[PDB]
Amino acid sequence: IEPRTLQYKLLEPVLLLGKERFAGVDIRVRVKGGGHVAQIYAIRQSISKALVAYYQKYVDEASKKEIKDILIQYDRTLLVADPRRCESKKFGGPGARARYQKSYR
Amino acid sequence: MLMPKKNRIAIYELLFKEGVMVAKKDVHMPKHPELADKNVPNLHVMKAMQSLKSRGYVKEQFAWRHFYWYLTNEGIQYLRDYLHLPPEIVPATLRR
Amino acid sequence: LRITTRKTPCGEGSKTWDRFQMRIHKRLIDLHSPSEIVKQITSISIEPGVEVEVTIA
Amino acid sequence: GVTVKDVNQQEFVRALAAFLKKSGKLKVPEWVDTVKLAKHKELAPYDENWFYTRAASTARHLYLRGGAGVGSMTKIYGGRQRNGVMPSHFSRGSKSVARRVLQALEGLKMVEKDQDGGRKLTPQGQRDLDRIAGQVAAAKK
Amino acid sequence: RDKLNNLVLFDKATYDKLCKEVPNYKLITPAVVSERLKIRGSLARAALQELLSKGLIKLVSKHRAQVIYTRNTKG
Amino acid sequence: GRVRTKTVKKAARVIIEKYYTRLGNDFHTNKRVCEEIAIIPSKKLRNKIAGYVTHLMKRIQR
Amino acid sequence: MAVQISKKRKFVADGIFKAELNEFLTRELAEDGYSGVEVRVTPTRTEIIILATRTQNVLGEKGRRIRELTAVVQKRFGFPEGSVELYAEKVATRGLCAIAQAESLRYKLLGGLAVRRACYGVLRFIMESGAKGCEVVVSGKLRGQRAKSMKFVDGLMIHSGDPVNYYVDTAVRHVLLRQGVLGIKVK
Amino acid sequence: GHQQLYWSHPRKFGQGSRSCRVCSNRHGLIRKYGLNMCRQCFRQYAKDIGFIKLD
RNA sequence: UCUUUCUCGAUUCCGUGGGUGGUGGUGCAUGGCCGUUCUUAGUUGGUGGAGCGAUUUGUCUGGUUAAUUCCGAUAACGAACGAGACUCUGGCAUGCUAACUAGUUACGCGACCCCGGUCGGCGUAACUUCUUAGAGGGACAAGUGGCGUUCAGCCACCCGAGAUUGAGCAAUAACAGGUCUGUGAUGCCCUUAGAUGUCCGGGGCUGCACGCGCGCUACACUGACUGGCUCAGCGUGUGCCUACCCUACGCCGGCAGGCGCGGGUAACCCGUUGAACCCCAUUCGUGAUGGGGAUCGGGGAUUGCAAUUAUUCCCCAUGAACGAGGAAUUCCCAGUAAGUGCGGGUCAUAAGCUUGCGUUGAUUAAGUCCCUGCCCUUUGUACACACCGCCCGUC
RNA sequence: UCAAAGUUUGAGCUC
Ligand SMILES: [Mg+2]
Ligand SMILES: [Mg+2]
Ligand SMILES: [Mg+2]
Ligand SMILES: [Mg+2]
Ligand SMILES: [Mg+2]
Ligand SMILES: [Mg+2]
Ligand SMILES: [Mg+2]
Ligand SMILES: [Mg+2]
Ligand SMILES: [Mg+2]
Ligand SMILES: [Mg+2]
Ligand SMILES: [Mg+2]
Ligand SMILES: [Mg+2]
Ligand SMILES: [Mg+2]
Ligand SMILES: [Zn+2]
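Its PDB header names cryo-EM as the technique used to obtain the model and reports a resolution of 4.1 Å.

Here it is, written out as structure tokens:
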């Protein structure tokens, strides 16, 4: 699965929850927006949500809480969203933050 | 300013038939835009109109690149005196 | 529609720039009806900013 | 079975170049030796039978998305004309080499000019794609 | 200030030295052999690809930028 | 920092001082009170008014 | 239509028309008490409202200047004959249209009424009308070579933001005095 | 005659060829969509034209 | 201009009155326009009080607040601007209003692979979940602890999809830094036929022993050389005059560029906005190296009326220093700094200007005012065109 | 529990 350099990033939550939860599912993931890594770190969180929603939605909720809590006890970024987005270059300078270069001499 | 006598009389007639006139201030014009049926290059209309102004016949205003001239009653009466027309007929702005 | 101008008269003040947007909005309505009734609805209820273009077929 | 998405693409191009040579019925151009891959490129392609490698890639892009004309294959196949001291820009591939790769695959029945324009992959082409997919799949397996 | 004047081809005695010693290093990269015996990294890559052909070294991770091979697992 | 302006504060003292009984501690309910009785054009103004009006009601109830 | 012009191009042509008209009537009713324009671009007909407070006085002799203005608009812009028609509407808040009241005052200043008392008088007249405030900056060089500034300010006044766009009426004006040229910044 | 002299220099392209219909200047002509105006008149007339400071 | 002679028919040329023209000089005569101070938290009337007066108090020791934000102390009270507020954007709305120029969920077929799977190959209707955008609605310190008049609220933690989304505008007052070099923007002074006008062609701005500032490229292998693979966001498209449209589909040249039919004036055609990076195997090999691409010979194209100061693009070649930055100095706290490409204005060649667009993605600090600046209080002053100050003696 | 820190066109500030 290219890019193959970012695969273990993809399995971290899969390894965290284990194959027993995901075993009953097969999931294709459609991706759009952002760039390649941004989208990769996106589909990471996406499938873990879809599975928690699967047990919370179509079967009993104790499965949703146990999965979700194991997730909370491992790592909070899985739940707290990255709001981070790329800042635009601004007029009045050569770079992003700088306002134009003051030039002695 | 070299007019053809034909233009002197037809241009005075133009001033009569529409009491008022507008024109772009643009020396570098082959043809006049609003009045493109005749060639009458904008420089011709411009220089004649500034000559009329000089003798009191048009009211001046200038915007962007464009003069704006209001023809006065002295102008209406002078045009009909030159062309020897009756007092019955009028421009479209006078006619109602 | 996006435009970026300088405030300065000369060269010499600061070099300042605008970030001018201009949005242009399109709605469109399709009816299945004779022509005269639609002419009746269309004549009434329009205001200056709006521009209506009705294709007949 | 398997497809291009299933394959690791590097050994894909080497297997397909061998596969197309085995067929030996592409009608390779006369100038394959002389030509350089883009006016913006410096050396000729590393693969010796490179014209076959781009015939593979162009066909496989037409599988990925059909209707890919010459200009279309050059946009997808565009990149940095690293201008050294001047700033970088987008640079199309070479026409003669791209147009002849597409005309080569149009010749040997891999690609087909569909009605209402653009290429679609022909019955023989989709056959060859999944067979060489199985061959390369067996290699990586 | 410093310069690397590396040899393009192995002598026969050096060939015996390779056949003896190189499979003993735990790190076998073309660059490793290049720094120790003052030889080029590219022919070094071809040499380690040759210990592969003759069947002397196991690959850990080769990659366009950087390759790594070793003597096969020791135990 | 979420600090109350003088237009925020004076409004909260006027709200608690005139209708201490209607008001209460919880924001979202006494919000319904504030939007009904007082016509606040902006929702941000409404909600801020209500949140300082609430905490102040707790001050007086204390 | 057969000419089949683009959306993007048509709308910019509209913008240039608008800008030229605003400039043109500012130039026209200086003497007549110009108070803005309103180009209600309706179907077929394009209503073109002169704005003035005393519209019958600014109108003059029997509707003369208005028939020539309607004809002028048609002449330069190329309207169908009688497709565009001008209407000199009464100004809302008749004091505050600055360029009407401020320019008339500019020409009052040019006529020789003192600048302080005249601006005070207009601000007072328009205050009796019920204005919120002003901050009138009249730059130049007066009673001397130095660049002295007059500044007529009163009432509650705000400056920044968007709200100002439809809160503040603004003007920039040159005036050709006997002594020189005077700047006008009307906020 | 004068008719073959008066305006004989070729004006086919560039901001020198076309010019602002306001300024007659060759500085910043907005040529997109045929606006054809200099950065100064544009800054002057943007509100009338409909441009707006959204961001 | 000369010998020379023909048209229209008083329009005009030439004088004189008088205007008028002038990219004349002067933005240090002017209007107007910028930056920085200043992205900080500050500023100003009224009435009353204190002072012969200039002025002060209001505008505070303290708490508090991101905030001259608030509270409370209290000879003051009520106000104003600015901050905030506002407008727009992001986000919560499977809710209202809704759509063959948007699709949708139910199935079936067809070619093949081992019933199904795939397909921008085809058919079955409603609807708006997705899509598009109007109206409404939506989160607030909502929970707690210390601390505090148990006030304002802080800090920390909990609680949560949001507990600062991000802009635009931006106070009073400067500099005697700049703009008459955008215009019939323009004051004053001067000029106008034996002209300082103007028109035609051409030039300098690109003229080069020398130097600087903004910029561009580097010193390589965490990388370059050579193939293949992959998600975008900014965008545009045939014009009043106005010469150049976006472009689908098959052929020709390495490149500039050449021949058939189409869609589109545009959610219909461009266009699934066919980006790079990423990802894989080679090749390079630590080299002034394929690092670096300045300079230029000879030639082929296009852009243009016209380029010598190479129009641009193209083809082959010579190939400076530079082996990671000394005293110096630019840039940065979160998707930021930094890598990397992509687009636009202008736009004939088409981004070398300039201004955006995506894409990958840290360190450090939660602190302080030492440096550098800044803000307040007190203080001294012989300065007040204000330390870029004033000011002293010999010769 | 104190080594030092100088100057600034003649070419026009101002009720
Ligand atoms: Mg690509
Ligand atoms: Mg001055
Ligand atoms: Mg305000
Ligand atoms: Mg001066
Ligand atoms: Mg604010
Ligand atoms: Mg001027
Ligand atoms: Mg010439
Ligand atoms: Mg290395
Ligand atoms: Mg080189
Ligand atoms: Mg060379
Ligand atoms: Mg003393
Ligand atoms: Mg000392
Ligand atoms: Mg001096
Ligand atoms: Zn301008």
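A. Representation of the interface of chain B and chain G in the model. Counting residues at the interface gives 18 residues for chain B, matched by 16 residues for chain G. Summed over the three residues of chain B that lose the most area to chain G, namely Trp64, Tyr70 and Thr93 of chain B, the buried surface amounts to 35% of that side. Scanning the region where chain B abuts chain G turns up 0 salt bridges. Joining chain B to chain G, the criterion identifies 7 residue pairs in polar contact. Broken down by secondary-structure element, the contributors of at least two residues to the side of chain B that touches chain G are β1 (21-24), β3 (62-63) and β4 (66-71) of chain B. Among the elements that take part in the side of chain B that touches chain G, β4 of chain B stands out by supplying 4 residues, more than any other.

B. Seen up close, the nonpolar core. By size, the foremost hydrophobic cluster in this structure holds 32 residues, and its most contacted members are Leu16, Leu20 and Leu105 of chain D. Only α1 (9-23), α2 (50-64), α4 (95-107) and α5 (123-140) of chain D provide two or more residues apiece to this core. Sort the elements by how many residues they give to this core and α2 of chain D lands first, with 7 residues. If you look at the next biggest cluster of nonpolar residues, it comprises 30 residues, including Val20 of chain B together with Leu25, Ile48 and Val84 of chain G.

C. Representation of the packing of α1 of chain D against α5 of chain D in the model. All names here are of chain D. Between α1 and α5, whose axes approach to 10 Å, the crossing angle comes to 125°. As the angle between them shows, α1 and α5 are arranged oblique. In the crossing of α1 with α5, the sense of the turn from one axis to the other is right-handed. Contacts from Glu11, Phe12, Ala15, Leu16 and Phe19 in α1 reach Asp128, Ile132, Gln135, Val136, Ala139 and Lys140 in α5.

D. Up close: the pattern of salt bridges. Throughout the structure, instances matching the rule amount to 20 salt bridges over all chains. Its salt-bridge partner being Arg28 of chain A, residue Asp26 of chain A comes within 3.3 Å of it at the nearest N-O pair. Across the pair, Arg28 of chain A and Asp26 of chain A agree in class, each one exposed. Ionic pairing is found between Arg64 of chain G and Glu68 of chain G, a salt bridge with its closest N-O pair at 3.0 Å. Here the residue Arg64 of chain G and the residue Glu68 of chain G both occupy positions in helix α3 (residues 64-77), the gap between them amounting to 4 residues, near one helical turn. One network of salt bridges, with partners in common, ties together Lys9, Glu12 and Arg44 of chain A.

Rules used in this analysis
Residues numbered from 1 in each chain as written, not as in the entry; some residues may be left out. Chains lettered and ligands numbered in written order. Part of a larger assembly, values for the part shown. Heavy atoms only, no water. Contact = heavy atoms within 4.5 Å. Buried area = accessible area lost by both parts, 1.4 Å probe. Salt bridge = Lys/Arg side-chain N within 4 Å of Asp/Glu carboxyl O. Polar contact = N/O pair within 3.5 Å; in protein donor to acceptor, adjacent residues only side chain to side chain. Helix = DSSP H or I, 4+ residues; strand = E, 2+ residues; numbered from the N terminus. Core = buried A, V, L, I, M, F, W, Y, C linked by side-chain atoms within 4.5 Å. Buried < 20%, exposed > 50% of the residue type's maximum accessible area, 1.4 Å probe, protein only. Axes fitted to C-alpha atoms, helices over the stretch in contact; angles between N-to-C directions. Parallel < 35°, antiparallel > 145°, perpendicular 65-115°, else oblique. Left-handed = near helix turned anticlockwise from the far one by under 90°.

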